[PDB]
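Quick heads-up: it's one chain on its own, the form deposited in one PDB entry, in structure tokens.
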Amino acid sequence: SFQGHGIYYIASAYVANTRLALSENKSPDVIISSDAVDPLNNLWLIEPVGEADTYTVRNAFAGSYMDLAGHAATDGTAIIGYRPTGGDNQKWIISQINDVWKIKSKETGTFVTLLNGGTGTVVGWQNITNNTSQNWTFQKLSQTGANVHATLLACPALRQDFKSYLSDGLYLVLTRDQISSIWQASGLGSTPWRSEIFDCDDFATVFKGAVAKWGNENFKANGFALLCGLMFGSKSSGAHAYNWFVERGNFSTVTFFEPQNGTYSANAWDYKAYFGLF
């Protein structure tokens, strides 16, 4: 559901399996996208500006802003991705009246509409009351710093908090497919462990840097970070370092990641953490 400041999928409530993305003269249109694929330009960074229920809706990948083309109130006006103008045609009232969510232009009062919905265009239109083509669902994909710190303290495997660099950050929660892809490209899996000179902390540091670089290379938007923790843990046998993430399906679930071999666990391989950072 929509929860204000955050990064989201915006999915049509009118047709299944369909969510919004930005296409790759005239500006690129906001278009429909199948949930069978996860291209980065389906991620929307929604940021509060001024008033209650008012937000900008920015494409995290392309950096451009959801914009009602030419400020037009006309039915069928294209919704496009445009450079930031501060204009009211880049501001959106996102509200529900019964758990049904609409996206309304602050400027025109027209609504983001799936028109004629692999078919369908995304346009502004006056209120429609005989179909649900103006209804949208929002899947949150981010956590705030406050959220993540609460999750760490509540996590049975940790029961403790870690310092964050940012004091009020917004974090994108990656999929395991994404984390794995970054890990496969890093070549850590083919880098042997060696005592002190390339040890567990080095794997976890290098991987944390690789996730930060991947976010930098892929997202033109700013104002959010990719969550990627570090933790140091021990047991009777000695010390170890891991990375850590939370799950999109349950943001209270911490998942530990072993950057030596690209594996995941819920329990950090029974290591008890004593230190960490994000």
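Think of the rigid core as the biggest set of C-alphas that the two forms share within 1.5 Å after superposition. In case it trips you up, residue 1 is the first one in the sequence shown, and so on.
The entry models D270 and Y271 with no unmodelled deposited residue separating them. Count the deposited residues lacking coordinates between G169 and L170 and you get none at all. When the C-alpha B-factors of 229-237 and 205-213 are averaged, 229-237 comes out higher. In this entry, 260-268 shows the higher mean Cα temperature factor of the pair 260-268 and 6-14. The PDB entry assigns its highest CA temperature factor, among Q160, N116, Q143, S181, to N116. Of the candidates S195, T151, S164, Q96, the PDB record gives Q96 the highest C-alpha temperature factor. In the PDB entry, a CA B factor belonging to the middle third of its chain's modelled residues is recorded for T56.
Looking at the C-alpha B-factors along this chain, the one for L45 belongs to the lowest third. Among the modelled residues of its chain, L174 has a C-alpha B-factor that falls in the lowest third according to the deposited record.
Looking at the C-alpha B-factors along this chain, the one for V254 belongs to the middle third. The deposited CA B-factor of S64 belongs to the middle third of values across its chain.
In what follows, reference is made to the form deposited in another entry, a form of this protein that is not presented.
Fit the rigid core and compare the CA positions between this form and the one not shown: of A73, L158, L170, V173, just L158 moves by 2 angstroms or more. Cα-Cα spacing of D177 to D168 is reduced in that other deposited form versus the present form (difference of at least 3 Å). In that other deposited form, the CA atoms of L166 and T151 draw together by 3 angstroms or more relative to this form.
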